[PDB]
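Engineer: Structure provided below as structure tokens; questions to follow.
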Amino acid sequence: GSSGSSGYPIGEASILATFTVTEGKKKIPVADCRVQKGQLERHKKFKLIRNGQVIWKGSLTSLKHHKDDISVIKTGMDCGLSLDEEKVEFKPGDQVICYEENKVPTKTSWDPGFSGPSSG
Numbered sequence: 001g002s003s004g005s006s007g008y009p010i011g012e013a014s015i016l017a018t019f020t021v022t023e024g025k026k027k028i029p030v031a032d033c034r035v036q037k038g039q040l041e042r043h044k045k046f047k048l049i050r051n052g053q054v055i056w057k058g059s060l061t062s063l064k065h066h067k068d069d070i071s072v073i074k075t076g077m078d079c080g081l082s083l084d085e086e087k088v089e090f091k092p093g094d095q096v097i098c099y100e101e102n103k104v105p106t107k108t109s110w111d112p113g114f115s116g117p118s119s120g
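By PDB author numbering, the letter at position 105 of the sequence shown is numbered 105, and the numbering carries on one by one without gaps.
In structure tokens, the structure reads:
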């Protein structure tokens, strides 16, 4: 039916590499993506975009920032997420949009602002 609820993307993450992991015996697939913009919150929903099409849609099952049970992933931070639907597969050419499903904001504020001088 309807693809994507009324809302907005919290942060976009691209998959640089993809691999699998072992836990006890099973083999859980993992996807390494580097937050290019925004952050990833271990709660919201996610989806894997490959070639522009979505393959998996929903919330992750687990998230880790390399030996560190974190919840939020800032920018420039590498983290690996795994989907419950092992069926789904990733690749170094997909996208991970972490949006919120509930409603849509109104956005009532417009004002630019930048800063980044040079030193040394």
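By construction, the Cβ of each residue, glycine as well, lies at the ideal position given by its N, Cα and C atoms.
Taking the beta carbon of residue 110 as the centre, do at least 16 other beta carbons fall within 10 Å, making it buried, or is it exposed?
Structural biologist: Looking up residue 110 in the sequence shown gives position 110. Its Cβ having fewer than 16 others within 10 Å, residue 110 is exposed.
Engineer: Enumerate in chain order the residues of its own chain whose CB-to-CB distance from residue 21 is below 6 Å, with the five nearest sequence positions on each side excluded.
Structural biologist: Translated into the one-based positions of the sequence shown, residue 21 becomes position 21. For residue 21, where only same-chain residues beyond five positions count, the Cβ hits under 6 Å are 28 and 30.
Engineer: Three or more beta-carbon pairs under 8 Å between the stretch 77 to 94 and the stretch 51 to 66, yes or no?
Structural biologist: yes
Engineer: Measure the beta-carbon distance from residue 94 to residue 40 and round it to whole angstroms, keeping in mind my assumption that it falls under 8 Å.
Structural biologist: By 1-based counting over the sequence shown, the position of residue 94 is 94. By 1-based counting over the sequence shown, the position of residue 40 is 40. No, residue 94 and residue 40 are not in contact; Cβ-Cβ is about 14 Å, not under 8 Å.
Engineer: Between residue 64 and residue 35, is the Cβ-Cβ spacing less than 8 Å?
Structural biologist: Against the sequence shown, residue 64 aligns to sequence position 64. Against the sequence shown, residue 35 aligns to sequence position 35. Contact flag unset, no.
Engineer: By DSSP's criteria, residue 50 is part of a beta bridge. Which residues make up the other side?
Structural biologist: Within the sequence shown, the letter at position 50 stands for residue 50. Bridge partners of residue 50: 53 and 94.
Engineer: I'd like the ranges of any beta strand (DSSP E) spanning at least 3 consecutive residues and lying wholly in the stretch 68 to 117.
Structural biologist: 78 to 82 and 94 to 99
Engineer: Rounded to a whole number of angstroms, what is the C-alpha to C-alpha distance between residue 96 and residue 89?
Structural biologist: As a first step, residue 96 is located in the sequence shown; it is residue number 96 there, counting from the start. As a first step, residue 89 is located in the sequence shown; it is residue number 89 there, counting from the start. One alpha carbon belongs to residue 96, the other to residue 89, and they sit about 13 Å apart.
Engineer: Excluding five sequence neighbours on each side, which residues of the same chain lie with their C-beta closer than 6 Å to the C-beta of residue 71?
Structural biologist: Taking the first residue of the sequence shown as position 1, residue 71 is located at position 71. If we look at residue 71 and ignore the five residues flanking it on each side, its Cβ neighbours are 42.
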